[PDB]
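Pasting start17.pdb here (PDB, C-alpha atoms and all ligand atoms):
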```
ATOM      1  CA  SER A   1      66.812  18.131 -13.152
ATOM      2  CA  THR A   2      65.367  19.840 -16.231
ATOM      3  CA  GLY A   3      66.582  20.895 -19.669
ATOM      4  CA  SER A   4      65.444  23.530 -22.166
ATOM      5  CA  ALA A   5      66.730  23.893 -25.737
ATOM      6  CA  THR A   6      65.716  26.085 -28.652
ATOM      7  CA  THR A   7      64.710  24.312 -31.859
ATOM      8  CA  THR A   8      65.089  26.154 -35.187
ATOM      9  CA  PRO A   9      63.614  25.500 -38.661
ATOM     10  CA  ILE A  10      66.257  24.390 -41.171
ATOM     11  CA  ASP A  11      64.731  26.470 -43.966
ATOM     12  CA  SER A  12      61.994  28.933 -44.872
ATOM     13  CA  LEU A  13      59.394  26.166 -45.183
ATOM     14  CA  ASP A  14      59.869  24.567 -41.744
ATOM     15  CA  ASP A  15      60.912  21.358 -43.521
ATOM     16  CA  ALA A  16      62.478  20.151 -40.272
ATOM     17  CA  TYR A  17      63.773  21.569 -37.003
ATOM     18  CA  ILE A  18      67.267  21.314 -35.531
ATOM     19  CA  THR A  19      68.266  21.488 -31.874
ATOM     20  CA  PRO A  20      71.842  21.783 -30.586
ATOM     21  CA  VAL A  21      73.038  18.810 -28.537
ATOM     22  CA  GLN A  22      76.343  18.442 -26.694
ATOM     23  CA  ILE A  23      78.088  15.076 -27.062
ATOM     24  CA  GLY A  24      81.328  13.990 -25.394
ATOM     25  CA  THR A  25      84.072  15.630 -23.348
ATOM     26  CA  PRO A  26      85.023  18.276 -24.231
ATOM     27  CA  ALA A  27      81.615  18.965 -25.750
ATOM     28  CA  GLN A  28      81.049  18.461 -29.445
ATOM     29  CA  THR A  29      77.902  20.351 -30.463
ATOM     30  CA  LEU A  30      75.776  18.748 -33.159
ATOM     31  CA  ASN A  31      72.472  20.003 -34.534
ATOM     32  CA  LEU A  32      70.030  17.122 -34.273
ATOM     33  CA  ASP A  33      66.523  16.550 -35.581
ATOM     34  CA  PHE A  34      64.407  15.609 -32.530
ATOM     35  CA  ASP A  35      62.139  12.829 -33.768
ATOM     36  CA  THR A  36      59.239  11.572 -31.635
ATOM     37  CA  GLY A  37      58.624   8.915 -34.319
ATOM     38  CA  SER A  38      61.897   7.011 -33.861
ATOM     39  CA  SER A  39      64.110   5.864 -31.010
ATOM     40  CA  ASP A  40      67.756   6.068 -32.043
ATOM     41  CA  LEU A  41      70.278   8.821 -31.417
ATOM     42  CA  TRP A  42      72.428   8.681 -34.510
ATOM     43  CA  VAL A  43      75.040  11.090 -35.764
ATOM     44  CA  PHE A  44      77.408  11.511 -38.651
ATOM     45  CA  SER A  45      80.831  10.563 -37.313
ATOM     46  CA  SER A  46      84.531  10.360 -38.154
ATOM     47  CA  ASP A  54      78.772  17.297 -47.518
ATOM     48  CA  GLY A  55      78.643  20.018 -44.872
ATOM     49  CA  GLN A  56      77.525  18.190 -41.731
ATOM     50  CA  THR A  57      79.347  18.539 -38.423
ATOM     51  CA  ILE A  58      80.687  15.163 -37.293
ATOM     52  CA  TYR A  59      81.061  13.391 -33.954
ATOM     53  CA  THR A  60      84.612  12.170 -33.332
ATOM     54  CA  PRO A  61      84.577   9.706 -30.443
ATOM     55  CA  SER A  62      88.384   9.445 -30.424
ATOM     56  CA  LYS A  63      88.447  13.081 -29.272
ATOM     57  CA  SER A  64      86.061  12.447 -26.370
ATOM     58  CA  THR A  65      87.521  11.363 -23.029
ATOM     59  CA  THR A  66      84.128   9.934 -22.032
ATOM     60  CA  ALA A  67      83.449   7.942 -25.218
ATOM     61  CA  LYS A  68      83.453   4.149 -25.047
ATOM     62  CA  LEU A  69      82.815   1.721 -27.882
ATOM     63  CA  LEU A  70      79.723  -0.345 -27.141
ATOM     64  CA  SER A  71      81.516  -3.474 -28.251
ATOM     65  CA  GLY A  72      79.754  -5.554 -30.905
ATOM     66  CA  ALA A  73      76.654  -3.368 -31.023
ATOM     67  CA  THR A  74      75.388  -2.164 -34.372
ATOM     68  CA  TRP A  75      72.329  -0.298 -35.582
ATOM     69  CA  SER A  76      70.328  -0.451 -38.797
ATOM     70  CA  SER A  86      74.457  -0.275 -40.462
ATOM     71  CA  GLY A  87      77.063   1.283 -38.178
ATOM     72  CA  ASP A  88      78.810   1.069 -34.795
ATOM     73  CA  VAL A  89      77.622   2.345 -31.411
ATOM     74  CA  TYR A  90      79.393   4.297 -28.666
ATOM     75  CA  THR A  91      78.288   5.419 -25.259
ATOM     76  CA  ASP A  92      79.059   8.973 -24.222
ATOM     77  CA  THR A  93      77.836  11.922 -22.185
ATOM     78  CA  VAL A  94      74.999  13.756 -23.916
ATOM     79  CA  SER A  95      73.474  17.065 -22.839
ATOM     80  CA  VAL A  96      70.395  18.854 -24.137
ATOM     81  CA  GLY A  97      69.663  22.362 -22.945
ATOM     82  CA  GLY A  98      71.563  21.836 -19.697
ATOM     83  CA  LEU A  99      70.222  18.328 -18.978
ATOM     84  CA  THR A 100      72.976  15.678 -18.938
ATOM     85  CA  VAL A 101      72.779  11.922 -19.404
ATOM     86  CA  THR A 102      75.852   9.759 -18.927
ATOM     87  CA  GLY A 103      76.283   6.497 -20.819
ATOM     88  CA  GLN A 104      73.908   7.453 -23.637
ATOM     89  CA  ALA A 105      74.091   5.268 -26.739
ATOM     90  CA  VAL A 106      75.352   7.388 -29.647
ATOM     91  CA  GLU A 107      75.008   5.562 -32.954
ATOM     92  CA  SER A 108      77.720   6.337 -35.518
ATOM     93  CA  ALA A 109      76.687   6.837 -39.159
ATOM     94  CA  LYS A 110      78.668   7.452 -42.356
ATOM     95  CA  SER A 120      73.602  19.487 -44.705
ATOM     96  CA  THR A 121      71.947  21.345 -41.823
ATOM     97  CA  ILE A 122      70.993  18.134 -40.007
ATOM     98  CA  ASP A 123      73.893  16.458 -38.184
ATOM     99  CA  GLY A 124      71.810  13.537 -36.956
ATOM    100  CA  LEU A 125      68.636  12.437 -35.196
ATOM    101  CA  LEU A 126      67.612  12.266 -31.564
ATOM    102  CA  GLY A 127      64.785   9.760 -31.228
ATOM    103  CA  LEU A 128      62.052  10.333 -28.649
ATOM    104  CA  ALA A 129      59.595   7.536 -29.383
ATOM    105  CA  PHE A 130      59.514   4.514 -27.086
ATOM    106  CA  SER A 131      62.736   2.588 -26.543
ATOM    107  CA  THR A 132      61.105  -0.594 -27.879
ATOM    108  CA  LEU A 133      61.733   0.883 -31.351
ATOM    109  CA  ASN A 134      65.476   1.317 -30.833
ATOM    110  CA  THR A 135      67.398  -0.569 -33.540
ATOM    111  CA  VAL A 136      70.601  -1.445 -31.682
ATOM    112  CA  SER A 137      71.522  -5.145 -31.782
ATOM    113  CA  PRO A 138      72.124  -7.395 -29.977
ATOM    114  CA  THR A 139      71.468  -5.199 -26.921
ATOM    115  CA  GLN A 140      68.630  -2.716 -27.448
ATOM    116  CA  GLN A 141      69.379   0.785 -26.141
ATOM    117  CA  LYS A 142      67.322   3.450 -24.369
ATOM    118  CA  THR A 143      66.416   6.871 -25.738
ATOM    119  CA  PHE A 144      67.816  10.045 -24.242
ATOM    120  CA  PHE A 145      64.405  10.669 -22.623
ATOM    121  CA  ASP A 146      64.186   7.205 -21.085
ATOM    122  CA  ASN A 147      67.718   7.572 -19.695
ATOM    123  CA  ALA A 148      66.969  11.068 -18.383
ATOM    124  CA  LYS A 149      63.799   9.991 -16.570
ATOM    125  CA  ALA A 150      65.887   8.820 -13.603
ATOM    126  CA  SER A 151      66.747  12.459 -12.896
ATOM    127  CA  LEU A 152      63.908  14.593 -14.268
ATOM    128  CA  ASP A 153      61.714  16.636 -11.927
ATOM    129  CA  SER A 154      58.767  15.165 -13.841
ATOM    130  CA  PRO A 155      58.896  12.365 -16.453
ATOM    131  CA  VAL A 156      57.831  14.556 -19.363
ATOM    132  CA  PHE A 157      59.088  16.508 -22.322
ATOM    133  CA  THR A 158      57.285  19.178 -24.333
ATOM    134  CA  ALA A 159      57.422  20.283 -27.953
ATOM    135  CA  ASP A 160      56.615  23.891 -28.757
ATOM    136  CA  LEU A 161      57.455  24.214 -32.465
ATOM    137  CA  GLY A 162      57.347  27.587 -34.179
ATOM    138  CA  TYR A 163      55.758  28.538 -37.477
ATOM    139  CA  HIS A 164      58.579  30.009 -39.551
ATOM    140  CA  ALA A 165      60.268  30.767 -36.207
ATOM    141  CA  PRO A 166      62.268  29.043 -33.469
ATOM    142  CA  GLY A 167      60.559  27.100 -30.705
ATOM    143  CA  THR A 168      61.458  25.074 -27.667
ATOM    144  CA  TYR A 169      61.937  21.532 -26.379
ATOM    145  CA  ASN A 170      61.710  21.265 -22.582
ATOM    146  CA  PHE A 171      62.537  18.229 -20.452
ATOM    147  CA  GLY A 172      61.234  17.617 -16.949
ATOM    148  CA  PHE A 173      58.759  20.484 -16.598
ATOM    149  CA  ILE A 174      55.706  22.184 -18.117
ATOM    150  CA  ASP A 175      56.118  25.872 -18.930
ATOM    151  CA  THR A 176      52.684  27.241 -18.001
ATOM    152  CA  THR A 177      53.505  30.531 -19.736
ATOM    153  CA  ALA A 178      53.944  28.819 -23.109
ATOM    154  CA  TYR A 179      50.279  28.094 -23.816
ATOM    155  CA  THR A 180      46.778  29.499 -23.403
ATOM    156  CA  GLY A 181      43.873  27.821 -21.650
ATOM    157  CA  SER A 182      44.330  24.317 -20.286
ATOM    158  CA  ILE A 183      46.157  21.215 -21.484
ATOM    159  CA  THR A 184      43.890  18.418 -22.692
ATOM    160  CA  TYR A 185      45.453  14.998 -22.115
ATOM    161  CA  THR A 186      44.520  11.992 -24.200
ATOM    162  CA  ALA A 187      45.342   8.298 -23.999
ATOM    163  CA  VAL A 188      48.386   6.785 -25.693
ATOM    164  CA  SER A 189      48.911   3.287 -27.024
ATOM    165  CA  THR A 190      52.527   2.147 -26.894
ATOM    166  CA  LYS A 191      51.783  -1.119 -28.722
ATOM    167  CA  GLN A 192      53.604  -0.007 -31.874
ATOM    168  CA  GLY A 193      56.279   1.979 -30.017
ATOM    169  CA  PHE A 194      54.902   5.378 -31.052
ATOM    170  CA  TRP A 195      53.113   8.212 -29.307
ATOM    171  CA  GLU A 196      49.905   6.824 -30.790
ATOM    172  CA  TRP A 197      46.593   8.462 -29.887
ATOM    173  CA  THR A 198      43.083   9.022 -31.236
ATOM    174  CA  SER A 199      41.861  12.416 -32.434
ATOM    175  CA  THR A 200      38.132  13.019 -31.942
ATOM    176  CA  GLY A 201      37.473  14.640 -35.310
ATOM    177  CA  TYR A 202      38.090  17.560 -37.629
ATOM    178  CA  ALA A 203      36.744  20.676 -39.290
ATOM    179  CA  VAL A 204      37.738  22.454 -42.492
ATOM    180  CA  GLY A 205      37.849  26.243 -42.261
ATOM    181  CA  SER A 206      34.675  27.614 -40.689
ATOM    182  CA  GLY A 207      32.823  24.376 -41.434
ATOM    183  CA  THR A 208      31.040  22.118 -38.961
ATOM    184  CA  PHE A 209      33.173  19.870 -36.783
ATOM    185  CA  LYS A 210      32.846  16.209 -37.693
ATOM    186  CA  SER A 211      33.084  13.855 -34.723
ATOM    187  CA  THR A 212      35.008  10.821 -35.913
ATOM    188  CA  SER A 213      37.891   8.810 -34.457
ATOM    189  CA  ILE A 214      41.251   9.243 -36.190
ATOM    190  CA  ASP A 215      44.098   7.122 -34.825
ATOM    191  CA  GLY A 216      47.544   8.510 -35.493
ATOM    192  CA  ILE A 217      50.962   9.299 -34.120
ATOM    193  CA  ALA A 218      52.502  12.507 -32.819
ATOM    194  CA  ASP A 219      55.692  12.699 -34.888
ATOM    195  CA  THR A 220      57.970  15.726 -34.666
ATOM    196  CA  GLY A 221      60.278  14.160 -37.263
ATOM    197  CA  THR A 222      57.648  14.222 -40.016
ATOM    198  CA  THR A 223      57.079  17.558 -41.763
ATOM    199  CA  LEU A 224      53.463  17.268 -42.893
ATOM    200  CA  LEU A 225      50.048  16.167 -41.648
ATOM    201  CA  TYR A 226      49.024  12.788 -43.113
ATOM    202  CA  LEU A 227      45.368  11.824 -42.663
ATOM    203  CA  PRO A 228      42.826   9.458 -44.237
ATOM    204  CA  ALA A 229      41.934  10.107 -47.859
ATOM    205  CA  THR A 230      38.344  11.017 -46.954
ATOM    206  CA  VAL A 231      39.501  13.788 -44.596
ATOM    207  CA  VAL A 232      42.152  15.086 -46.969
ATOM    208  CA  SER A 233      39.767  15.174 -49.927
ATOM    209  CA  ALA A 234      37.268  17.150 -47.839
ATOM    210  CA  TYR A 235      39.978  19.694 -47.009
ATOM    211  CA  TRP A 236      41.294  20.217 -50.551
ATOM    212  CA  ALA A 237      37.801  20.346 -52.056
ATOM    213  CA  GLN A 238      37.537  23.746 -50.349
ATOM    214  CA  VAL A 239      40.474  25.143 -52.329
ATOM    215  CA  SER A 240      39.705  26.238 -55.916
ATOM    216  CA  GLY A 241      41.964  24.420 -58.366
ATOM    217  CA  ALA A 242      43.524  22.029 -55.846
ATOM    218  CA  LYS A 243      44.092  18.477 -57.027
ATOM    219  CA  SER A 244      46.067  15.353 -56.303
ATOM    220  CA  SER A 245      48.969  14.982 -58.711
ATOM    221  CA  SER A 246      50.547  11.548 -59.095
ATOM    222  CA  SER A 247      53.332  13.332 -60.967
ATOM    223  CA  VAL A 248      54.215  15.511 -57.983
ATOM    224  CA  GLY A 249      53.349  12.955 -55.314
ATOM    225  CA  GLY A 250      50.404  14.555 -53.562
ATOM    226  CA  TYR A 251      47.930  17.410 -53.358
ATOM    227  CA  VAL A 252      48.934  20.660 -55.014
ATOM    228  CA  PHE A 253      47.059  23.947 -55.191
ATOM    229  CA  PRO A 254      47.308  27.289 -57.018
ATOM    230  CA  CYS A 255      49.929  29.456 -55.388
ATOM    231  CA  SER A 256      47.358  32.275 -55.704
ATOM    232  CA  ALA A 257      45.047  30.565 -53.176
ATOM    233  CA  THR A 258      44.274  31.530 -49.592
ATOM    234  CA  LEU A 259      44.049  28.260 -47.663
ATOM    235  CA  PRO A 260      41.379  27.454 -45.071
ATOM    236  CA  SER A 261      42.352  26.446 -41.562
ATOM    237  CA  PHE A 262      42.117  22.839 -40.388
ATOM    238  CA  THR A 263      40.871  21.931 -36.912
ATOM    239  CA  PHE A 264      41.579  18.634 -35.153
ATOM    240  CA  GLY A 265      39.968  17.350 -31.972
ATOM    241  CA  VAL A 266      41.697  16.340 -28.772
ATOM    242  CA  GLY A 267      38.985  15.013 -26.492
ATOM    243  CA  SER A 268      36.424  17.823 -26.294
ATOM    244  CA  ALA A 269      39.102  20.395 -27.119
ATOM    245  CA  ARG A 270      40.119  21.728 -30.531
ATOM    246  CA  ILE A 271      43.445  22.694 -32.089
ATOM    247  CA  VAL A 272      43.244  25.066 -35.055
ATOM    248  CA  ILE A 273      45.942  24.921 -37.732
ATOM    249  CA  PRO A 274      45.950  28.241 -39.617
ATOM    250  CA  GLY A 275      45.739  28.010 -43.399
ATOM    251  CA  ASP A 276      49.191  29.535 -43.829
ATOM    252  CA  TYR A 277      50.753  26.555 -42.008
ATOM    253  CA  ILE A 278      49.480  24.289 -44.799
ATOM    254  CA  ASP A 279      51.358  26.171 -47.556
ATOM    255  CA  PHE A 280      54.639  24.508 -48.551
ATOM    256  CA  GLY A 281      55.354  26.751 -51.498
ATOM    257  CA  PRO A 282      56.081  26.147 -55.175
ATOM    258  CA  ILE A 283      56.569  22.521 -56.228
ATOM    259  CA  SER A 284      59.611  23.641 -58.204
ATOM    260  CA  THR A 285      61.310  26.994 -58.213
ATOM    261  CA  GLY A 286      59.062  29.627 -59.833
ATOM    262  CA  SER A 287      56.091  27.291 -60.344
ATOM    263  CA  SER A 288      52.561  28.560 -59.845
ATOM    264  CA  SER A 289      51.638  25.185 -58.351
ATOM    265  CA  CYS A 290      52.207  24.920 -54.591
ATOM    266  CA  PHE A 291      52.556  21.839 -52.411
ATOM    267  CA  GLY A 292      49.992  21.120 -49.725
ATOM    268  CA  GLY A 293      50.828  20.522 -46.081
ATOM    269  CA  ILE A 294      47.947  18.096 -45.562
ATOM    270  CA  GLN A 295      48.371  14.858 -47.511
ATOM    271  CA  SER A 296      46.830  11.400 -47.619
ATOM    272  CA  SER A 297      48.172   8.680 -45.363
ATOM    273  CA  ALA A 298      46.842   6.016 -47.729
ATOM    274  CA  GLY A 299      49.761   3.689 -48.347
ATOM    275  CA  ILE A 300      51.696   4.727 -45.250
ATOM    276  CA  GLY A 301      49.641   2.435 -43.028
ATOM    277  CA  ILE A 302      49.272   5.017 -40.265
ATOM    278  CA  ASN A 303      48.061   8.591 -39.825
ATOM    279  CA  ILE A 304      50.783  11.045 -38.845
ATOM    280  CA  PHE A 305      50.339  14.275 -36.904
ATOM    281  CA  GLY A 306      53.610  15.790 -38.079
ATOM    282  CA  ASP A 307      54.989  19.283 -37.691
ATOM    283  CA  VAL A 308      52.146  20.991 -39.566
ATOM    284  CA  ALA A 309      49.768  19.875 -36.804
ATOM    285  CA  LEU A 310      52.135  19.904 -33.834
ATOM    286  CA  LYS A 311      53.417  23.438 -34.399
ATOM    287  CA  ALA A 312      49.839  24.714 -33.907
ATOM    288  CA  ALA A 313      49.943  23.442 -30.322
ATOM    289  CA  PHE A 314      51.928  23.164 -27.136
ATOM    290  CA  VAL A 315      52.423  19.391 -26.925
ATOM    291  CA  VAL A 316      53.183  17.389 -23.786
ATOM    292  CA  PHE A 317      54.769  13.961 -24.120
ATOM    293  CA  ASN A 318      53.980  12.453 -20.728
ATOM    294  CA  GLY A 319      56.248   9.495 -20.038
ATOM    295  CA  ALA A 320      54.770   8.517 -16.686
ATOM    296  CA  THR A 321      54.005   4.857 -15.966
ATOM    297  CA  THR A 322      50.875   5.234 -18.072
ATOM    298  CA  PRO A 323      51.993   7.532 -20.901
ATOM    299  CA  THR A 324      49.666  10.174 -22.283
ATOM    300  CA  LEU A 325      49.787  13.096 -24.705
ATOM    301  CA  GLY A 326      48.661  16.623 -23.909
ATOM    302  CA  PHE A 327      47.693  19.406 -26.305
ATOM    303  CA  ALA A 328      47.102  23.079 -25.560
ATOM    304  CA  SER A 329      46.416  26.025 -27.823
ATOM    305  CA  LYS A 330      49.079  28.742 -27.847
TER     306      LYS A 330
HETATM  307  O1  LIG B 401      62.527   6.647 -38.401
HETATM  308  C1  LIG B 401      62.927   7.662 -38.870
HETATM  309  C2  LIG B 401      64.389   8.013 -38.874
HETATM  310  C3  LIG B 401      64.921   8.590 -40.139
HETATM  311  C4  LIG B 401      65.619   7.763 -41.024
HETATM  312  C5  LIG B 401      66.132   8.289 -42.241
HETATM  313  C6  LIG B 401      65.932   9.642 -42.561
HETATM  314  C7  LIG B 401      65.207  10.500 -41.653
HETATM  315  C8  LIG B 401      65.009  11.873 -41.981
HETATM  316  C9  LIG B 401      64.295  12.731 -41.090
HETATM  317  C10 LIG B 401      63.778  12.206 -39.863
HETATM  318  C11 LIG B 401      63.969  10.876 -39.542
HETATM  319  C12 LIG B 401      64.711   9.987 -40.467
HETATM  320  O2  LIG B 401      62.034   8.661 -39.207
HETATM  321  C13 LIG B 401      60.680   8.447 -39.266
HETATM  322  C14 LIG B 401      60.057   8.663 -37.936
HETATM  323  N1  LIG B 401      59.715  10.070 -37.858
HETATM  324  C15 LIG B 401      60.110  10.670 -39.115
HETATM  325  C16 LIG B 401      60.127   9.546 -40.077
HETATM  326  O3  LIG B 401      58.850   9.221 -40.443
HETATM  327  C17 LIG B 401      58.370   9.599 -41.736
HETATM  328  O4  LIG B 401      59.200   9.734 -42.653
HETATM  329  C18 LIG B 401      56.914   9.266 -42.084
HETATM  330  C19 LIG B 401      56.593   7.784 -42.377
HETATM  331  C20 LIG B 401      56.610   7.312 -43.702
HETATM  332  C21 LIG B 401      56.314   5.958 -43.976
HETATM  333  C22 LIG B 401      56.000   5.063 -42.905
HETATM  334  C23 LIG B 401      55.985   5.551 -41.540
HETATM  335  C24 LIG B 401      55.664   4.651 -40.456
HETATM  336  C25 LIG B 401      55.652   5.132 -39.125
HETATM  337  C26 LIG B 401      55.941   6.454 -38.863
HETATM  338  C27 LIG B 401      56.254   7.345 -39.931
HETATM  339  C28 LIG B 401      56.272   6.864 -41.276
END
```
Would you kindly transcribe this structure into structure tokens?
Amino acid sequence: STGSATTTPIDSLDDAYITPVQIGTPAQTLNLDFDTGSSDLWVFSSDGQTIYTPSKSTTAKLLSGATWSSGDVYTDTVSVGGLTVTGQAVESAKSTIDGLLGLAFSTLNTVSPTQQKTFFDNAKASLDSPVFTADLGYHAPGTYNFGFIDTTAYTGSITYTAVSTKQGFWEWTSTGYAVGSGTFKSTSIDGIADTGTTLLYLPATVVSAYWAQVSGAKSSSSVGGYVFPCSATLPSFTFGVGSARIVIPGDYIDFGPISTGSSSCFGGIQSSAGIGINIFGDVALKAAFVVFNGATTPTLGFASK
């Protein structure tokens, strides 16, 4: 089996992406934020959000005694882009985002006392190939595919790189970076591929080197990160995947005025200092076609597009 679903930015800044997901029988369609940095499928259930009502689903069953963290848990039939999983744990929680669909490793799932599997892990027992791909758009819709690689969706070849599952994330090591037309610096940067995080969070050294190339940019403790004059044209940012390179255009790094009408704009590359981990969020991922390979030895692939 395979599935293919369109994912759409929730706003003009690409602050997050929502993907329609069918839950229950008859189907209830909820717009979920696909999050490769967490491992729970949770939904608002029975300020604008569409809710899941398990009492209206003939296939819903309470997963008795199970809670997540806190709310209850049901199992039900869940379909994404034509791909159906029966007995999926759907976690019930109390305005464009109707819930989350976690796609990190199931070891991060929060259900107690019986930990539950992600939609991807459950689907693996049917997929043509144990993979899913993220093809996020810049200020435009994109695609999540399950079970196949669309060879028309990228240019050149896919460079695969090793993944550590020790922390439950799609954790990998970038081989370096460049700012604009500058020289590429070969240096190992460990981080996670996280579709549920908006921005690119990298070590302070790297981030300072980037913003130093933008006249008037500075880190503002008041605002909570790097800001830059809205009048600026931003340089691109390149990250390494093995010997390959992914180029993030400067425009992808512009997150607009810090407050309505302000001439100070918020940067899309920020320091990870304090987070405890580097995060290749949407700003980075949307510059690439990204393969989440869930084979026995998981890996991550990146192609230009
Ligand atoms: O776990 C959740 C689920 C979740 C809960 C509540 C609201 C949410 C809203 C949107 C999406 C997911 C949500 O989201 C995490 C994983 N990916 C999105 C987000 O990470 C970052 O914020 C970033 C972040 C910061 C600090 C520490 C981190 C440690 C590991 C990984 C990410 C970290």
Each residue of chain A lying at most 8 Å from ligand LIG 401 (chain B) should get a row with its shortest atom-to-atom pair and the distance in Å to one decimal, counting all atoms listed in the file; could you produce that, ordered by chain and increasing number, as JSON lines?
```
{"residue": "A:16", "atom": "CA", "partner": "B:LIG401", "partner_atom": "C9", "distance": 7.7}
{"residue": "A:33", "atom": "CA", "partner": "B:LIG401", "partner_atom": "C10", "distance": 6.7}
{"residue": "A:35", "atom": "CA", "partner": "B:LIG401", "partner_atom": "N1", "distance": 5.5}
{"residue": "A:36", "atom": "CA", "partner": "B:LIG401", "partner_atom": "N1", "distance": 6.4}
{"residue": "A:37", "atom": "CA", "partner": "B:LIG401", "partner_atom": "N1", "distance": 3.9}
{"residue": "A:38", "atom": "CA", "partner": "B:LIG401", "partner_atom": "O1", "distance": 4.6}
{"residue": "A:39", "atom": "CA", "partner": "B:LIG401", "partner_atom": "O1", "distance": 7.6}
{"residue": "A:40", "atom": "CA", "partner": "B:LIG401", "partner_atom": "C2", "distance": 7.9}
{"residue": "A:125", "atom": "CA", "partner": "B:LIG401", "partner_atom": "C11", "distance": 6.6}
{"residue": "A:127", "atom": "CA", "partner": "B:LIG401", "partner_atom": "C2", "distance": 7.9}
{"residue": "A:194", "atom": "CA", "partner": "B:LIG401", "partner_atom": "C26", "distance": 8.0}
{"residue": "A:217", "atom": "CA", "partner": "B:LIG401", "partner_atom": "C26", "distance": 7.4}
{"residue": "A:219", "atom": "CA", "partner": "B:LIG401", "partner_atom": "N1", "distance": 5.6}
{"residue": "A:220", "atom": "CA", "partner": "B:LIG401", "partner_atom": "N1", "distance": 6.7}
{"residue": "A:221", "atom": "CA", "partner": "B:LIG401", "partner_atom": "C15", "distance": 4.0}
{"residue": "A:222", "atom": "CA", "partner": "B:LIG401", "partner_atom": "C15", "distance": 4.4}
{"residue": "A:223", "atom": "CA", "partner": "B:LIG401", "partner_atom": "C15", "distance": 8.0}
{"residue": "A:300", "atom": "CA", "partner": "B:LIG401", "partner_atom": "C22", "distance": 4.9}
{"residue": "A:301", "atom": "CA", "partner": "B:LIG401", "partner_atom": "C22", "distance": 6.9}
{"residue": "A:302", "atom": "CA", "partner": "B:LIG401", "partner_atom": "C24", "distance": 6.4}
{"residue": "A:304", "atom": "CA", "partner": "B:LIG401", "partner_atom": "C27", "distance": 6.7}
```
For this structure, which residues satisfy the selection - the PyMOL selection byres (((chain A and resi 278) around 12) and not hetatm) - when it is evaluated on the file as given? I want them as number ranges by chain. A: 13-15, 163-164, 223-226, 232, 235-236, 239, 251-253, 255, 257-263, 272-277, 279-281, 290-295, 306-309, 311-312
Might you spell out which residues the PyMOL selection byres (((chain A and resi 143-154) around 8) and not hetatm) would select in the displayed file, as a PyMOL selection string? chain A and resi 1-2+39-41+99-101+104-105+126-131+134+141-142+155-157+171-173
Take the residues from that selection and put them in a file with C-alpha atoms, as a tab-separated table (two decimals), keeping the file's coordinate frame.
```tsv
chain	number	residue	atom	x	y	z
A	1	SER	CA	66.81	18.13	-13.15
A	2	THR	CA	65.37	19.84	-16.23
A	39	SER	CA	64.11	5.86	-31.01
A	40	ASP	CA	67.76	6.07	-32.04
A	41	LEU	CA	70.28	8.82	-31.42
A	99	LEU	CA	70.22	18.33	-18.98
A	100	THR	CA	72.98	15.68	-18.94
A	101	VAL	CA	72.78	11.92	-19.40
A	104	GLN	CA	73.91	7.45	-23.64
A	105	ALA	CA	74.09	5.27	-26.74
A	126	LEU	CA	67.61	12.27	-31.56
A	127	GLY	CA	64.78	9.76	-31.23
A	128	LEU	CA	62.05	10.33	-28.65
A	129	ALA	CA	59.60	7.54	-29.38
A	130	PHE	CA	59.51	4.51	-27.09
A	131	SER	CA	62.74	2.59	-26.54
A	134	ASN	CA	65.48	1.32	-30.83
A	141	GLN	CA	69.38	0.78	-26.14
A	142	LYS	CA	67.32	3.45	-24.37
A	155	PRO	CA	58.90	12.36	-16.45
A	156	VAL	CA	57.83	14.56	-19.36
A	157	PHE	CA	59.09	16.51	-22.32
A	171	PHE	CA	62.54	18.23	-20.45
A	172	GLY	CA	61.23	17.62	-16.95
A	173	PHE	CA	58.76	20.48	-16.60
```
When the PyMOL selection byres (((chain A and resi 95) around 10) and not hetatm) is applied to the structure above, which residues does it catch, written out as an NGL selection string? :A and (3 or 20-24 or 27 or 29 or 92-94 or 96-102 or 104 or 144 or 148)
Near region 66-72 of chain A, counting all atoms listed in the file, which residues have an atom at most 6 Å away, once you skip same-chain residues fewer than 5 positions from it, shown as a PyMOL selection string? chain A and resi 24-25+61+89-92
Box for region 311-327 of chain A - axis-aligned, 4 Å on each of the six sides, all listed atoms - centre and size in Å to one decimal, as JSON.
```
{"center_x": 52.0, "center_y": 14.8, "center_z": -25.2, "size_x": 16.6, "size_y": 27.9, "size_z": 26.4}
```
Just the number, please: distance in Å from CA of residue 288 (chain A) to CA of residue 238 (chain A), one decimal.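 If I compute the distance from CA of residue 288 (chain A) to CA of residue 238 (chain A), I get 18.4 Å.
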Write out as a ChimeraX atom specification the residues lying within 12 Å of residue 299 (chain A), counting all atoms listed in the file and excluding same-chain residues fewer than 5 positions away. /A:226-229
Residues just named, written with C-alpha atoms as a compact mmCIF listing (two decimals), in the coordinates of the input:
```txt
# COMPACT_ATOMS: atom_id res chain seq x y z
CA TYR A 226 49.02 12.79 -43.11
CA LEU A 227 45.37 11.82 -42.66
CA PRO A 228 42.83 9.46 -44.24
CA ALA A 229 41.93 10.11 -47.86
```
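Here CA of residue 73 (chain A) stands at a distance of 15.3 Å from CA of residue 43 (chain A).
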Would you mind reading off the distance between CA of residue 240 (chain A) and CA of residue 216 (chain A), one decimal, in Å?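 CA of residue 240 (chain A) sits 28.2 Å away from CA of residue 216 (chain A).
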